[PDB]
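Written out below as structure tokens is the structure these notes cover.
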Amino acid sequence: XXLXXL
Amino acid sequence: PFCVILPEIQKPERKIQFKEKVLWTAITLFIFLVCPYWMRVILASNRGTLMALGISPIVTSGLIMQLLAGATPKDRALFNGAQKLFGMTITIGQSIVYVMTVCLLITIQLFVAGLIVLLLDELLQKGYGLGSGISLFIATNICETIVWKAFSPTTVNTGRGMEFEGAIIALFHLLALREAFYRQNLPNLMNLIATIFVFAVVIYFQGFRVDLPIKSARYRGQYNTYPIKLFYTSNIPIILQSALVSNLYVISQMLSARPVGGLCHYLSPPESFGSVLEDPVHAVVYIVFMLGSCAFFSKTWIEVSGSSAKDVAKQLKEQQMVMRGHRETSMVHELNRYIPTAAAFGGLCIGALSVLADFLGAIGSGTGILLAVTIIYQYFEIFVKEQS
Amino acid sequence: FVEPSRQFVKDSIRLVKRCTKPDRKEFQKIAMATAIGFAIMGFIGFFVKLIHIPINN
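Residue numbers (the entry's author numbering), protein chains in the order written: chain E, 1 to 6; chain A, 11 to 45, 61 to 96, 104 to 133, 146 to 219, 228 to 310, 336 to 465; chain B, 7 to 63.
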């Protein structure tokens, strides 16, 4: 959603 | 069931022509085109002027559910509402943490934008297939490319010199004005030459392919060709290395208080007009880092994406397509002669193009330009469907 | 040791010499589509920038 990809 | 609390796009079961197709996919493109900065190349949040949520929910809405599964239109009906629901939950989460980076108004505005974009994902994907964020990168890059002619006159401030009127054509102000000034403040000539040159070189390298002869199994006489593209992966290595670049530099920014100042110079993309050489241990070795990175990413993507030699041979067997002279099992070896080394060399060459664009200092720091050309070619490949 | 790296190198030369490089005639038409798309969509980008120009002031 925080950073590439959370 | 629990997916009954959301709507979904209508199913295309009729002929879907080009005109109305661009009327659907290429219209209402102004919503995100209204008006941790290393992620704005892929998530153009910026100051959140109604563009702060793209791609981050688009793929995650389904992929997070698929990942947590380890923790057909029927499956589509099963997952359709729920994937959007969880995408909007994570969208709200991203919005609130971005606020961290009373304020409910901005969060709900970001939620509205994300709602529109997610609901539009399926609308664009049906047919042409511009969803999954494939258009967002080119959309945010194309302005950075073309809006030099607006940045040059709109900059009312002039600093020490005078540039309020413009820089593209302002020779009459002194002519005599000399264009051979410093190429670090407004280098229009060098930037344009570099941009067009990198476009040209990537186009030239883009048509590289290997034509393997193929014959249909039952129609003895129908000859055909099968293309193996030189890159064979398009943007995957560049995307992954951009992701690593982000995960390095945004983490450095996070940890600073806890790249071009107050931080180590162990790793950095060397940028300087012309060139600068003071310590070769970083200026050149950056090239090795980029090349090895891209090659590794392409090589692992081959196995991840299911495009290895044996998988392609299995697909061809499924399609009844065979080679003329080789047994149905030896086709794997013929493919294997090219596919793995083709992927590795595609990674190496695309990294080399990236470092060349960095050296010439084209628009967008080289990266993205390669995304730009590949996305345009993807659009062309999709348009090929209308002619076949 | 390094010999397999040189084997990879000669593999790369063989692949390139086997690859079908574009000629001028088809380059002139393939790059045309890229230029057309580039222009047609950078135009929309410039237009939305122009529309942002007054809303600020």
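Note that beta-carbon positions come from the ideal geometry of N, C-alpha and C, so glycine has one too.
Asked	Found
In whole angstroms, give me the CA-to-CA distance for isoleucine 37/A and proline 347/A.	40 Å
Ordered along the chain, which non-local residues of its own chain (more than five positions away) have a Cβ less than 7 Å from that of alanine 439/A?	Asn243, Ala246, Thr247, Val250, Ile446
Check distances from the C-beta atoms of the stretch 19 to 34 of chain B to those of chain A and list, in chain order, the residues that come in under 8 Å.	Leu21, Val22, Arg24, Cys25, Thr26, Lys27, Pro28, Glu32, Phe33
On a CA-only basis, which of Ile182/A, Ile255/A, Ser385/A, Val302/A is nearest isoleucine 427/A? Give me that one, please.	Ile255/A
Are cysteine 187/A and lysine 55/B closer than 9 Å when you measure CB to CB?	yes
Where does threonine 406/A land, buried or exposed, given buried means 16+ other C-beta within 10 angstroms?	exposed
Using a Cβ-Cβ distance cut-off of 9 Å, determine whether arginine 401/A contacts chain B.	no
With a threshold of 7 Å on Cβ separation, who are the neighbours of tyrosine 172/A within its own chain once the five nearest residues in sequence on each side are excluded?	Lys31, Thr35, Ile459
Taking all protein chains shown into account, decide if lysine 106/A is buried (16 or more other Cβ within 10 angstroms of its Cβ) or exposed.	exposed
Look at the Cβ atom of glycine 424/A, then the Cβ atom of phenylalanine 373/A, and state whether they are nearer than 9 Å.	yes
My guess is that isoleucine 152/A and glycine 73/A are in contact by the Cβ rule of under 8 Å, so how many angstroms apart are they, rounded?	Actually they are not in contact, since the Cβ atoms of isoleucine 152/A and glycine 73/A sit about 12 Å apart, beyond 8 Å.
Please confirm if the stretch 233 to 243 of chain A is in contact with the stretch 15 to 24 of chain B, defined as three or more CB-CB distances below 8 Å between the two stretches.	no
In the DSSP assignment, find the beta strand (DSSP E) that holds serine 268/A and state where it starts and stops.	261 to 268
Cβ closer than 7 Å: which chain E residues qualify as neighbours of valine 161/A?	By Cβ distance, chain E contributes nothing, its closest Cβ being about 17 Å from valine 161/A, past 7 Å.
What's the gap between the Cα of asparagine 276/A and the Cα of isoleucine 266/A?	5 Å
With DSSP collapsed to three states, give me the class of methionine 398/A.	strand
Name the two residues that bound the continuous alpha helix (DSSP H) containing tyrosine 62/A.	Segment: none, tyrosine 62/A is in no alpha helix (DSSP H) and carries neither H nor E.
Show which residues of chain B have a CB atom less than 7 Å away from the CB atom of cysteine 187/A.	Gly51, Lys55
Short check: CB of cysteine 45/A to CB of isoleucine 50/B, under 9 Å?	no
Note down the Cα distance separating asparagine 201/A from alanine 211/A, rounded to an integer number of angstroms.	13 Å
Taking C-alpha atoms, which residue in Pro17/A, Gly338/A, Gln305/A lies nearest to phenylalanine 111/A?	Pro17/A
Can you find the residues in the same chain that come closer than 8 Å, C-beta to C-beta, to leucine 162/A, ignoring five residues on each side of it along the sequence?	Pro82, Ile83, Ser86, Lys116, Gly119, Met120, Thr123
Tell me the start and end of each unbroken alpha helix (DSSP H) in the stretch 351 to 413 of chain A that is at least 4 residues and wholly inside, in chain order.	357 to 360, 362 to 382, 386 to 395, 408 to 413
Against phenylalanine 350/A, what residues of chain B qualify as contacts under a CB-to-CB distance less than 7 Å, listed in chain order?	Residues of chain B passing the Cβ test: none, with the nearest at roughly 25 Å.
Determine the extent of the beta strand (DSSP E) in which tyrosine 278/A is found, giving its start and end residues.	275 to 281
Need the endpoints of the alpha helix (DSSP H) that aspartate 165/A sits in, please.	148 to 169
Sorted by chain position, which residues of the same chain lie with C-beta nearer than 7 Å to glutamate 231/A's C-beta, five sequence neighbours on each side aside?	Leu241
Buried or exposed for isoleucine 42/B, going by 16 or more other Cβ atoms inside 10 Å?	exposed
Strictly below 7 Å CB to CB, what residues from chain A border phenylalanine 7/B?	Going along chain A, no residue has its Cβ under 7 Å from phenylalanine 7/B, so there is no contact; the nearest lies around 18 Å.
Would you say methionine 64/A faces chain E, with C-beta separation under 9 Å as the test?	yes
Taking C-alpha atoms, which residue in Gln27/A, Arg401/A, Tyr301/A lies nearest to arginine 272/A?	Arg401/A
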